[PDB]
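To keep things clear, I will list the structure first and then write my remarks on it.
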Amino acid sequence: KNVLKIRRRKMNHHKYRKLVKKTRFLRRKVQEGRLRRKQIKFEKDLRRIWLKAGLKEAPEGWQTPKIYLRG
Amino acid sequence: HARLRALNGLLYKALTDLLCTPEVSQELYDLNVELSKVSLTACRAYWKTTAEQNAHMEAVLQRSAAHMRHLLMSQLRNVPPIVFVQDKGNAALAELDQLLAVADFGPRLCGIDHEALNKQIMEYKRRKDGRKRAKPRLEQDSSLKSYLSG
Amino acid sequence: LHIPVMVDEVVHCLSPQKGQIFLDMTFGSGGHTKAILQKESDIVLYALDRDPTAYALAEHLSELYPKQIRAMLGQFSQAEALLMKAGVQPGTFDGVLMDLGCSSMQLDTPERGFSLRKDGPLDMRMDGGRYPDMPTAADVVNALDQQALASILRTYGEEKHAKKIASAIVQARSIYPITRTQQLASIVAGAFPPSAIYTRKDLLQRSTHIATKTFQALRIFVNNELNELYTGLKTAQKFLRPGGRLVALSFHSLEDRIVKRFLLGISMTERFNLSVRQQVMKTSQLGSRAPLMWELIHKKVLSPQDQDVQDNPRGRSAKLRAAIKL
RNA sequence: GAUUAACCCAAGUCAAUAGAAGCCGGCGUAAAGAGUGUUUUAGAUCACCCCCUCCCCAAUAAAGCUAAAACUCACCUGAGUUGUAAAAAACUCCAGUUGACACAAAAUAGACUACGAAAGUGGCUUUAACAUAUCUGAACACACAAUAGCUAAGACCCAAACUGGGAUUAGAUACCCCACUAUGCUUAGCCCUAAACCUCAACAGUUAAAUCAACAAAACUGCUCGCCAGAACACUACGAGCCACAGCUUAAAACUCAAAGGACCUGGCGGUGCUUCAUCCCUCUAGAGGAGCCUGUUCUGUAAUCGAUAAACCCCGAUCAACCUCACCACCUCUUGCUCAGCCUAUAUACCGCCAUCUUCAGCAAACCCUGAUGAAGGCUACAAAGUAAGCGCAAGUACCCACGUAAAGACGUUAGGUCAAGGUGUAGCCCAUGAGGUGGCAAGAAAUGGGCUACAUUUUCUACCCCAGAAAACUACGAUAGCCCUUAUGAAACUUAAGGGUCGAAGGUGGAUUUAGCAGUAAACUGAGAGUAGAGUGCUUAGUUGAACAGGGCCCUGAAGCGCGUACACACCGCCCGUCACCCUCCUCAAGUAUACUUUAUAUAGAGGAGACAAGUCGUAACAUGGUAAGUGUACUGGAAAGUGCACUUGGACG
Ligand SMILES: Nc1ncnc2c1ncn2[C@@H]1O[C@H](CSCC[C@H](N)C(=O)O)[C@@H](O)[C@H]1O
Ligand SMILES: [K+]
Ligand SMILES: [Mg+2]
Ligand SMILES: [Mg+2]
Ligand SMILES: [Mg+2]
Ligand SMILES: [Mg+2]
Ligand SMILES: [Mg+2]
Ligand SMILES: [Mg+2]
């Protein structure tokens, strides 16, 4: 059989890799911002949980870990 | 075609086996002749060439060709006559060198026709001084209209 | 002012010195000649050119230097006999300098019709009328057949669409004679959709007129640049002193190919842009050259700097080859 | 669009929008079996009857070992070695021999088809070891998962992206050469991808029907899980998860299209394979291409035809132009005219008529029959296997001198081939003129080109003769059928045409690529006659005389035929397709500044990217032919990009 579908997939992948290479720095900055927003939203969800529970503050000895950071 | 190719291969194998065995002939066994090619139309055999020893090998092969054909008839019994061709690389070169030793020598741009174009230009100086294509499957036919009309 | 391209490297490769014979077959503006005279004042230089204006500039330099520089008006083919009668029949030329292309004064003048930017008669003739019987580009386009014009544009012009542009030119010429350079440019533009006027881009990746290549082709065919260049190279080799320095500048692929194949003794009929695989296949098919006569000063070509490209974009494609007669 | 007419419905008609009706169908190649195994909650009946898989292989992990080869080292010897298409560069403590010598890789066996869940696994030994006495059971749980890659530490013979150098190239890169790195190796982690493909889910059963869209790989049934619902957007965006940070898994929508796609058939094509051919090339003879002239065409000129015009025009219509012919031009004249008018006015791309071309062919088209499941299509084997009775052509017969040869014949079809100027004719046009008649006139060469004649001589020239001769033989030679002059023939008309004489003795000195013709009474040479004219050709037709040489060798080129292979082309390779390109449209994503929000984010628009379309071609020629360097998957590096290369895998390539 012909490889027209395979060729189209190859061209699409080549274009996508070229686009990633062209704008990898902007993509990295956007991803870092998204990770920051992710962590902030997760912390806000936990805060909402313990606020609805009635506790005036977080439980003693509890600190929300940075689960969305490479470090 | 493929059957003839297999027949050529079988003939090559049989001739090689006859050459290798000593039972066919002490002379042929001692020669240790090796075949470059075997092709059936008559059968043409081509053996690699090593002059004096080459001539001796050719003479012995020509002498023993009849016995080789007789032995092949024992096996493929209807075997056409076998022709041995000595492969002196390019045999023309060998024969030419032999004759030359025998022979006597006696005492010792732009890719265009710019001229034609220049002539044509001088001649000129002297004389001075798409659409739509309908698909084949969509063409109307009025035969049915005529048949229904009458 | 279009400064002579890589004139410093030309001076370096030639290395002018006192009491040496140097022939400039393409005097033209003379910037190379002026730099050479700046390096050495006692050098005996020959300024050969086909443009009568170039001969006038050479005579002006002769007014500056009465006999240090010697003018000469004529083509490369005539150059052999001209120099033989001049007094350099035994050759012994200490240096030879061969530029190529269009002189700055030639290109600027619209009357010569060397540029599509400025209108003028479709002359495209380096000769300024010294031989009025010499064909002009207008006569070339009006006279030559469809196949002849297509071959001219394909070979000389390195044009992909010769079969189309030649037919368009013939169709236009059948209505009116093609006597204006801008008229020819408009005709060639009409051979393609208007958006394709500047789609073709230079080696500098800068937009150029689509007709430019065509213009180039006509220029060459008007002046027989390839054949006359080959004759000039042969005459220089005949007249060059053993150990003399030959420096050439080539502004396009065809002339550079001719110069390189002459220097390396390669057959001119050999295929172009050969790869190693193609050479291996050729030799396998042939498996069943003349002795070298030059020593290359520079094995690889020398190209102008980016700054020189910005200063003189016309000289970007110039490639310099320096050798010594052996 | 208008108009006529017709059709459907009808106090309605029907433009838009919305709704009505739903997946018991499938998953090798079309969307779809996801790289692999296990189990859970469960489901199935294949768990009972009901039976056989320990044996012998290359599963895995660990430890140890080494035969061939390499590197290094040492001695001896040599001065070169290595390298290529050819070289250069490189090395010259380089090479060869001998000896010592591995954390690398595992010839032959292996033509075996084994082990493992898959990936994978092929040197030796040892240890440990290859789950389950019903099946099914997961993108995510559990555990694996080639190559590439990351992190760290080692090893490093060799190979090797990248890099440097050398060549090659117009040039850069690549293909080639050399050096060398990451990397391939070990240890410990990570990454979790593939054309992970037997492109066939697991288990059980069947070979009876209908065997079956096609191809692949015989067709199915039961059961279970997974998956798919037009193409593209999209192995993408967002969200989420991940040791991943240019990543992987899951995975959309808007705008847009009427197709996209799978298999096959026929044709075209292949820088397609093989085989065999011909005048395709060489071989033989005489020519053309150089000169003069004849003639034809073309161009110029003129007031001044037309047609043919690549083979298949070019001494062609013409078997023939001073007037006539004549259709051209100028001037003049006529209008029911020679014609119950006329036109040589347009259209050979409306035709008849007559032909060119392949054809120096052998096939063509009907009428049937059969095969493929009654798909497009196909239909041959002579010791014959679905083709065929007739027609046309070849053939046969006939003409000439035979039975040979030459003529003649030569179908269908190809080139809208030629002819509206043989004549006829369709359509269109002219009618005080595009019709008819009269007088007069072209017709020259500054040229180019085609064919022919005569030559350049000694195998010749002149004379005699019709083949036993004598002279000539280079500036008083050979060589004009040319020019000039004068006669003559024909004619009413002749420097025009022809013949003859005189005069002149010119160019030329066997002619380049290239090109024509011939296969035997042929080529070559010589001579006569005829058609046609009042006369007129170096033309045409035809009779005859003299009368040869080579007849072999080849497929590189050209072309043909056959058997094949491939085909994304069908406007049929000057094809198609892919990527590339500042600028208007549609759609998505999206940072700003300021309102709300708790100070970042949320939350209301707006730079910038992406998708599609647009004038579209330009640019590259990557893909489709062995598509010009087989294609492709994964991954990595380099490059602005077009891409290139490394490693493994796939055949959805080929082959002694
Ligand atoms: N065959 C030939 N004979 C003589 N001159 C020639 C020539 N071909 C080209 N030329 C001339 O060479 C020159 C090329 S460009 C001149 C460049 C000049 N050296 C300078 O000073 O820049 C023009 O003058 C052109 O007319
Ligand atoms: K093996
Ligand atoms: Mg795409
Ligand atoms: Mg299970
Ligand atoms: Mg892995
Ligand atoms: Mg290494
Ligand atoms: Mg595999
Ligand atoms: Mg399963």
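Ligands are numbered from 1 in the order shown, residues from 1 within each chain, and chains are lettered A, B, ... in the order they appear in the structure tokens.
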Kindly assemble as CSV a list of the chain B residues that lie within 9 Å of chain D, each paired with its nearest atom pair and their distance in Å to one decimal, using only C-alpha atoms (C1' of nucleotides), sorted first by chain and then by ascending residue number.
```
residue,atom,partner,partner_atom,distance
B:1,CA,D:563,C1',8.5
B:123,CA,D:448,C1',8.6
B:126,CA,D:446,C1',8.8
B:127,CA,D:300,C1',6.8
B:133,CA,D:571,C1',8.6
```
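Neighbouring residues of segment 66-82 of chain D at 9 Å or closer, counting only C-alpha atoms (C1' of nucleotides) and skipping chain neighbours under 2 positions away, are residues 90, 91, 92, 94, 95, 96, 97, 98, 99, 100, 101, 107, 123, 124, 157 and 158 of chain D.
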Store the residues picked out above, limited to C-alpha atoms (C1' of nucleotides), as a PDB file, in the first residue's frame.
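The resulting file, selection04.pdb, is shown below:
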```pdb
ATOM      1  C1'   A D  90      46.861  11.822   7.640  1.00  0.00           C
ATOM      2  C1'   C D  91      50.710   8.422   9.861  1.00  0.00           C
ATOM      3  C1'   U D  92      56.148   7.442   8.971  1.00  0.00           C
ATOM      4  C1'   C D  94      55.071   3.477   9.931  1.00  0.00           C
ATOM      5  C1'   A D  95      54.538  -1.528   7.855  1.00  0.00           C
ATOM      6  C1'   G D  96      55.571  -7.067   7.457  1.00  0.00           C
ATOM      7  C1'   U D  97      57.065 -11.613  10.446  1.00  0.00           C
ATOM      8  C1'   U D  98      57.321 -13.736  15.398  1.00  0.00           C
ATOM      9  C1'   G D  99      55.929 -13.468  20.752  1.00  0.00           C
ATOM     10  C1'   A D 100      53.222 -11.612  24.734  1.00  0.00           C
ATOM     11  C1'   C D 101      48.437  -9.583  25.017  1.00  0.00           C
ATOM     12  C1'   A D 107      32.564 -17.298  12.424  1.00  0.00           C
ATOM     13  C1'   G D 123      30.990 -18.598  22.607  1.00  0.00           C
ATOM     14  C1'   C D 124      31.926 -22.210  27.283  1.00  0.00           C
ATOM     15  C1'   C D 157      39.921  -2.604  20.655  1.00  0.00           C
ATOM     16  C1'   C D 158      36.504  -1.274  17.123  1.00  0.00           C
TER      17        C D 158
END
```
Could you write out, as a ChimeraX atom specification, all the residues of chain B that DSSP marks as helix (DSSP H, G or I)? /B:2-20,26-31,52-74,91-102,114-128,136-138,143-149
Just the selected residues (C-alpha atoms), exported as a CSV table (one decimal), in the first residue's frame, please.
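Below you can see out.csv, which holds the result:
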```csv
chain,number,residue,atom,x,y,z
B,2,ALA,CA,12.6,-19.8,-14.5
B,3,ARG,CA,12.4,-23.4,-15.5
B,4,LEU,CA,15.2,-22.9,-18.0
B,5,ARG,CA,17.2,-21.0,-15.4
B,6,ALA,CA,16.8,-24.0,-13.0
B,7,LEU,CA,17.8,-26.3,-15.9
B,8,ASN,CA,20.9,-24.2,-16.5
B,9,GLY,CA,21.8,-24.4,-12.8
B,10,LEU,CA,21.3,-28.2,-12.8
B,11,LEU,CA,23.5,-28.6,-15.9
B,12,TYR,CA,26.2,-26.4,-14.2
B,13,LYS,CA,26.0,-28.6,-11.0
B,14,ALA,CA,26.2,-31.8,-13.0
B,15,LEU,CA,29.2,-30.6,-15.1
B,16,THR,CA,30.9,-29.5,-11.9
B,17,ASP,CA,30.4,-32.9,-10.3
B,18,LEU,CA,31.7,-34.6,-13.4
B,19,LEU,CA,34.8,-32.4,-13.3
B,20,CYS,CA,35.5,-32.9,-9.6
B,26,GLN,CA,42.3,-39.0,-14.9
B,27,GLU,CA,43.2,-36.3,-17.3
B,28,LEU,CA,40.1,-34.2,-16.5
B,29,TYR,CA,40.5,-34.8,-12.8
B,30,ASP,CA,44.1,-33.7,-13.0
B,31,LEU,CA,43.2,-30.6,-14.9
B,52,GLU,CA,50.3,-23.5,-23.1
B,53,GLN,CA,48.4,-24.9,-20.2
B,54,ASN,CA,45.3,-23.2,-21.5
B,55,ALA,CA,45.7,-24.8,-24.9
B,56,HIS,CA,46.3,-28.2,-23.2
B,57,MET,CA,43.1,-27.8,-21.1
B,58,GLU,CA,41.1,-26.8,-24.2
B,59,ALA,CA,42.4,-29.7,-26.1
B,60,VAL,CA,41.6,-32.2,-23.3
B,61,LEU,CA,38.1,-30.8,-22.9
B,62,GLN,CA,37.5,-31.0,-26.6
B,63,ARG,CA,38.7,-34.6,-26.6
B,64,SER,CA,36.6,-35.5,-23.6
B,65,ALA,CA,33.4,-33.6,-24.6
B,66,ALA,CA,31.9,-36.8,-26.2
B,67,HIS,CA,32.6,-38.9,-23.1
B,68,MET,CA,31.2,-36.1,-20.9
B,69,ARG,CA,28.0,-36.0,-23.0
B,70,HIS,CA,27.7,-39.8,-22.8
B,71,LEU,CA,28.1,-39.7,-19.0
B,72,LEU,CA,25.5,-36.9,-18.7
B,73,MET,CA,23.1,-39.1,-20.7
B,74,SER,CA,23.3,-41.6,-17.9
B,91,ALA,CA,39.1,-13.3,-25.9
B,92,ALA,CA,39.4,-10.5,-28.5
B,93,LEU,CA,42.3,-9.0,-26.5
B,94,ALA,CA,44.1,-12.4,-26.4
B,95,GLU,CA,43.6,-13.1,-30.1
B,96,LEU,CA,44.6,-9.5,-30.9
B,97,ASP,CA,47.8,-9.8,-28.9
B,98,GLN,CA,48.6,-13.1,-30.5
B,99,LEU,CA,48.2,-11.7,-34.0
B,100,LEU,CA,50.1,-8.5,-33.1
B,101,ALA,CA,53.1,-10.6,-32.0
B,102,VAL,CA,52.7,-12.5,-35.2
B,114,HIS,CA,26.5,30.8,-32.1
B,115,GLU,CA,27.5,31.1,-35.8
B,116,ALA,CA,24.1,30.1,-37.1
B,117,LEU,CA,22.3,32.4,-34.7
B,118,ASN,CA,24.7,35.2,-35.6
B,119,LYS,CA,23.9,34.6,-39.3
B,120,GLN,CA,20.2,34.7,-38.6
B,121,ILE,CA,20.5,37.9,-36.7
B,122,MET,CA,22.5,39.5,-39.5
B,123,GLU,CA,19.8,38.3,-41.9
B,124,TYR,CA,17.1,39.9,-39.8
B,125,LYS,CA,19.1,43.1,-39.7
B,126,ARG,CA,19.5,43.1,-43.5
B,127,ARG,CA,15.8,42.4,-44.0
B,128,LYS,CA,15.0,45.3,-41.6
B,136,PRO,CA,-16.1,12.2,-19.2
B,137,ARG,CA,-18.6,10.7,-16.8
B,138,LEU,CA,-20.9,13.8,-16.7
B,143,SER,CA,-30.6,8.4,-26.6
B,144,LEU,CA,-33.0,7.6,-23.9
B,145,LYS,CA,-34.9,10.8,-24.6
B,146,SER,CA,-35.2,9.8,-28.2
B,147,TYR,CA,-36.3,6.3,-27.3
B,148,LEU,CA,-39.0,7.6,-25.0
B,149,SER,CA,-40.1,10.2,-27.5
```
Can you check which parts of chain C lie within 10 Å of chain B? Per residue, the shortest pair of atoms and distance in Å to one decimal, counting only C-alpha atoms, sorted by chain and number, as a tab-separated table.
```
residue	atom	partner	partner_atom	distance
C:133	CA	B:122	CA	7.8
C:134	CA	B:122	CA	8.6
C:135	CA	B:121	CA	6.6
C:136	CA	B:121	CA	8.9
C:137	CA	B:121	CA	9.9
C:138	CA	B:121	CA	9.9
C:139	CA	B:121	CA	6.2
C:140	CA	B:121	CA	6.3
C:141	CA	B:121	CA	9.3
C:142	CA	B:124	CA	8.3
C:143	CA	B:121	CA	5.9
C:144	CA	B:117	CA	7.0
C:145	CA	B:117	CA	9.4
C:148	CA	B:117	CA	8.2
C:149	CA	B:117	CA	9.9
C:151	CA	B:112	CA	8.0
C:152	CA	B:112	CA	7.9
C:155	CA	B:111	CA	7.8
C:156	CA	B:110	CA	8.7
C:221	CA	B:114	CA	8.3
C:222	CA	B:118	CA	9.5
C:224	CA	B:114	CA	8.2
C:225	CA	B:110	CA	9.3
C:226	CA	B:110	CA	6.3
C:227	CA	B:110	CA	6.1
C:228	CA	B:110	CA	9.9
C:230	CA	B:109	CA	8.9
C:268	CA	B:109	CA	7.4
C:269	CA	B:109	CA	7.7
```
Could you write out that same residue set with N, CA, C and O atoms as an mmCIF file, in the first residue's frame?
```
data_model
loop_
_atom_site.group_PDB
_atom_site.id
_atom_site.type_symbol
_atom_site.label_atom_id
_atom_site.label_comp_id
_atom_site.auth_asym_id
_atom_site.auth_seq_id
_atom_site.Cartn_x
_atom_site.Cartn_y
_atom_site.Cartn_z
ATOM 1 N N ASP C 133 27.838 46.417 -36.682
ATOM 2 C CA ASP C 133 27.254 45.180 -37.186
ATOM 3 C C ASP C 133 27.082 44.138 -36.091
ATOM 4 O O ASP C 133 26.446 43.105 -36.330
ATOM 5 N N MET C 134 27.634 44.377 -34.909
ATOM 6 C CA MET C 134 27.486 43.447 -33.801
ATOM 7 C C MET C 134 26.023 43.377 -33.378
ATOM 8 O O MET C 134 25.394 44.427 -33.176
ATOM 9 N N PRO C 135 25.446 42.186 -33.251
ATOM 10 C CA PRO C 135 24.031 42.082 -32.884
ATOM 11 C C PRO C 135 23.746 42.684 -31.516
ATOM 12 O O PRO C 135 24.580 42.669 -30.608
ATOM 13 N N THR C 136 22.539 43.224 -31.383
ATOM 14 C CA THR C 136 22.030 43.720 -30.117
ATOM 15 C C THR C 136 20.984 42.754 -29.581
ATOM 16 O O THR C 136 20.424 41.941 -30.320
ATOM 17 N N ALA C 137 20.724 42.858 -28.276
ATOM 18 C CA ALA C 137 19.766 41.962 -27.640
ATOM 19 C C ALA C 137 18.382 42.081 -28.260
ATOM 20 O O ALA C 137 17.644 41.091 -28.324
ATOM 21 N N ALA C 138 18.010 43.279 -28.714
ATOM 22 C CA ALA C 138 16.720 43.451 -29.371
ATOM 23 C C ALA C 138 16.638 42.610 -30.638
ATOM 24 O O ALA C 138 15.650 41.902 -30.869
ATOM 25 N N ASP C 139 17.679 42.667 -31.469
ATOM 26 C CA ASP C 139 17.703 41.833 -32.663
ATOM 27 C C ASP C 139 17.712 40.358 -32.291
ATOM 28 O O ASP C 139 17.104 39.531 -32.982
ATOM 29 N N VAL C 140 18.385 40.014 -31.193
ATOM 30 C CA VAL C 140 18.435 38.623 -30.750
ATOM 31 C C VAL C 140 17.038 38.117 -30.426
ATOM 32 O O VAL C 140 16.611 37.061 -30.910
ATOM 33 N N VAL C 141 16.298 38.867 -29.609
ATOM 34 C CA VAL C 141 14.976 38.407 -29.195
ATOM 35 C C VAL C 141 14.004 38.430 -30.369
ATOM 36 O O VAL C 141 13.130 37.563 -30.480
ATOM 37 N N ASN C 142 14.135 39.413 -31.264
ATOM 38 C CA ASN C 142 13.212 39.488 -32.392
ATOM 39 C C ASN C 142 13.480 38.389 -33.410
ATOM 40 O O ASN C 142 12.554 37.926 -34.087
ATOM 41 N N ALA C 143 14.733 37.951 -33.534
ATOM 42 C CA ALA C 143 15.104 37.034 -34.605
ATOM 43 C C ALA C 143 15.001 35.568 -34.198
ATOM 44 O O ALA C 143 14.419 34.762 -34.929
ATOM 45 N N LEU C 144 15.554 35.211 -33.040
ATOM 46 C CA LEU C 144 15.737 33.806 -32.697
ATOM 47 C C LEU C 144 14.404 33.077 -32.575
ATOM 48 O O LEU C 144 13.397 33.646 -32.146
ATOM 49 N N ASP C 145 14.410 31.804 -32.962
ATOM 50 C CA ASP C 145 13.219 30.970 -32.933
ATOM 51 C C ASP C 145 12.859 30.604 -31.493
ATOM 52 O O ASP C 145 13.608 30.865 -30.547
ATOM 53 N N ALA C 148 15.358 28.085 -30.244
ATOM 54 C CA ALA C 148 16.653 28.735 -30.072
ATOM 55 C C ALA C 148 16.659 29.627 -28.838
ATOM 56 O O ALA C 148 17.594 29.586 -28.029
ATOM 57 N N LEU C 149 15.615 30.442 -28.674
ATOM 58 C CA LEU C 149 15.535 31.314 -27.508
ATOM 59 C C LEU C 149 15.421 30.501 -26.225
ATOM 60 O O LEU C 149 16.020 30.853 -25.199
ATOM 61 N N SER C 151 16.653 27.490 -25.714
ATOM 62 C CA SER C 151 17.978 26.950 -25.434
ATOM 63 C C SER C 151 18.899 28.020 -24.866
ATOM 64 O O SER C 151 19.671 27.756 -23.937
ATOM 65 N N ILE C 152 18.828 29.237 -25.410
ATOM 66 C CA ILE C 152 19.683 30.317 -24.922
ATOM 67 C C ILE C 152 19.374 30.618 -23.462
ATOM 68 O O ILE C 152 20.280 30.749 -22.631
ATOM 69 N N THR C 155 20.458 27.414 -21.154
ATOM 70 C CA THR C 155 21.883 27.196 -20.936
ATOM 71 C C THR C 155 22.544 28.426 -20.326
ATOM 72 O O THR C 155 23.113 28.360 -19.231
ATOM 73 N N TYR C 156 22.478 29.559 -21.024
ATOM 74 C CA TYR C 156 23.155 30.757 -20.544
ATOM 75 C C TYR C 156 22.490 31.314 -19.292
ATOM 76 O O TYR C 156 23.175 31.695 -18.337
ATOM 77 N N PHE C 221 24.868 36.140 -24.344
ATOM 78 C CA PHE C 221 24.757 35.732 -25.735
ATOM 79 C C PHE C 221 25.064 36.893 -26.668
ATOM 80 O O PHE C 221 25.479 36.682 -27.813
ATOM 81 N N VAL C 222 24.876 38.126 -26.197
ATOM 82 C CA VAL C 222 25.234 39.263 -27.034
ATOM 83 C C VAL C 222 26.744 39.359 -27.162
ATOM 84 O O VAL C 222 27.277 39.642 -28.241
ATOM 85 N N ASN C 224 29.018 36.868 -26.301
ATOM 86 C CA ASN C 224 29.683 35.568 -26.352
ATOM 87 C C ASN C 224 30.654 35.423 -25.184
ATOM 88 O O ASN C 224 31.827 35.080 -25.351
ATOM 89 N N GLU C 225 30.143 35.698 -23.980
ATOM 90 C CA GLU C 225 31.006 35.810 -22.809
ATOM 91 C C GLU C 225 31.730 34.504 -22.513
ATOM 92 O O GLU C 225 32.903 34.517 -22.131
ATOM 93 N N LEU C 226 31.053 33.367 -22.670
ATOM 94 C CA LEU C 226 31.696 32.092 -22.369
ATOM 95 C C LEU C 226 32.828 31.794 -23.347
ATOM 96 O O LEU C 226 33.955 31.489 -22.936
ATOM 97 N N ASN C 227 32.550 31.890 -24.648
ATOM 98 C CA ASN C 227 33.569 31.576 -25.645
ATOM 99 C C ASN C 227 34.709 32.586 -25.605
ATOM 100 O O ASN C 227 35.887 32.211 -25.653
ATOM 101 N N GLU C 228 34.376 33.875 -25.520
ATOM 102 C CA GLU C 228 35.420 34.890 -25.463
ATOM 103 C C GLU C 228 36.222 34.784 -24.176
ATOM 104 O O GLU C 228 37.429 35.037 -24.178
ATOM 105 N N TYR C 230 36.825 31.913 -22.591
ATOM 106 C CA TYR C 230 37.716 30.776 -22.792
ATOM 107 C C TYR C 230 38.905 31.163 -23.662
ATOM 108 O O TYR C 230 40.049 30.789 -23.371
ATOM 109 N N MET C 268 35.659 20.398 -20.313
ATOM 110 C CA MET C 268 34.511 21.293 -20.220
ATOM 111 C C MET C 268 33.204 20.549 -20.450
ATOM 112 O O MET C 268 32.162 20.942 -19.912
ATOM 113 N N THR C 269 33.236 19.478 -21.239
ATOM 114 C CA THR C 269 32.037 18.711 -21.542
ATOM 115 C C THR C 269 31.571 17.842 -20.383
ATOM 116 O O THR C 269 30.475 17.276 -20.460
#
```
Using only C-alpha atoms (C1' of nucleotides), which residues sit within 10 Å of residue 305 of chain C once same-chain residues fewer than 4 positions away are excluded, as a PyMOL selection string? chain C and resi 5-6+309-311+316
Okay, now the selection with C-alpha atoms, as a PDB file, in the first residue's frame?
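Output below, filename result.pdb:
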```
ATOM      1  CA  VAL C   5      35.090  43.684  -5.010  1.00  0.00           C
ATOM      2  CA  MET C   6      37.854  42.125  -2.890  1.00  0.00           C
ATOM      3  CA  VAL C 309      28.023  42.525   0.623  1.00  0.00           C
ATOM      4  CA  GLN C 310      26.167  45.368   2.340  1.00  0.00           C
ATOM      5  CA  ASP C 311      28.384  47.961   0.646  1.00  0.00           C
ATOM      6  CA  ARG C 316      28.072  39.291  -3.331  1.00  0.00           C
TER       7      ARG C 316
END
```
Quick one: contact table of chain D to ligand 7, 8 Å max, nearest atom pair and distance in Å to one decimal per residue, counting only C-alpha atoms (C1' of nucleotides) and all ligand atoms, chain and number order, as CSV?
```
residue,atom,partner,partner_atom_place_in_ligand_line,distance
D:119,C1',ligand 7,1 (Mg),7.3
D:146,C1',ligand 7,1 (Mg),7.4
D:196,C1',ligand 7,1 (Mg),5.9
D:197,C1',ligand 7,1 (Mg),7.1
D:649,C1',ligand 7,1 (Mg),6.3
```
List as a PyMOL selection string the protein and nucleic acid residues lying within 7 Å of ligand 3, with only C-alpha atoms (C1' of nucleotides) and all ligand atoms counted. chain A and resi 8+11-12
Can you tell me which residues come within 8 Å of ligand 4 when counting only C-alpha atoms (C1' of nucleotides) and all ligand atoms, ideally as a PyMOL selection string? chain D and resi 38-39+136-137
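With only C-alpha atoms (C1' of nucleotides) as the basis for measurement, A:24 is the residue among A:56, A:24, A:29, A:38 that approaches chain D most closely.
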Residue list for chain D near chain C as a ChimeraX atom specification, 7 Å, only C-alpha atoms (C1' of nucleotides): /D:85,168-170,175-176,615,617-618
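Going from atom 14 (C, counted along the ligand's line) of ligand 1 over to atom CA of residue 113 of chain C, you cover 15.1 Å.
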Taking only C-alpha atoms (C1' of nucleotides) and all ligand atoms into account, report as a ChimeraX atom specification which residues have an atom no farther than 12 Å from an atom of ligand 6. /D:155-160,180-185
May I have the residues within 10 Å of ligand 2, computed using only C-alpha atoms (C1' of nucleotides) and all ligand atoms, as a list in words? residues 107, 108, 109, 110 and 122 of chain D
Using only C-alpha atoms (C1' of nucleotides) and all ligand atoms, what are the residues with an atom within 6 Å of ligand 1, set out as a list in words? residues 4, 26, 27, 28, 29, 30, 31, 32, 49, 50, 51, 54, 74, 75, 76, 99, 100, 101, 102, 103, 126 and 228 of chain C
Select, as a PyMOL selection string, those residues of chain D with any atom no more than 8 Å from chain A (distances computed using only C-alpha atoms (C1' of nucleotides)). chain D and resi 29+235+245-246+568+601+652
Within 9 Å of ligand 5 (only C-alpha atoms (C1' of nucleotides) and all ligand atoms), residues as a ChimeraX atom specification: /D:119,145-147,191-193
Dump the neighbourhood of ligand 8 as a count of residues only: all residues within 9 Å, distances computed on only C-alpha atoms (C1' of nucleotides) and all ligand atoms. 8
Excluding residue 39 of chain A and its own-chain neighbours fewer than 6 positions away, which residues fall within 8 Å of it when counting only C-alpha atoms (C1' of nucleotides)? Please give them as a compact mmCIF listing (two decimals) with N, CA, C and O atoms, in the first residue's frame.
```
# COMPACT_ATOMS: atom_id res chain seq x y z
N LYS A 66 5.30 21.77 47.65
CA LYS A 66 5.36 22.22 46.26
C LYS A 66 5.43 20.98 45.37
O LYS A 66 6.49 20.57 44.90
N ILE A 67 4.26 20.38 45.14
CA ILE A 67 4.19 19.14 44.37
C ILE A 67 4.32 19.35 42.87
O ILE A 67 4.43 18.36 42.13
N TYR A 68 4.31 20.59 42.40
CA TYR A 68 4.37 20.88 40.98
C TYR A 68 5.69 21.51 40.56
O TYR A 68 5.75 22.14 39.50
```
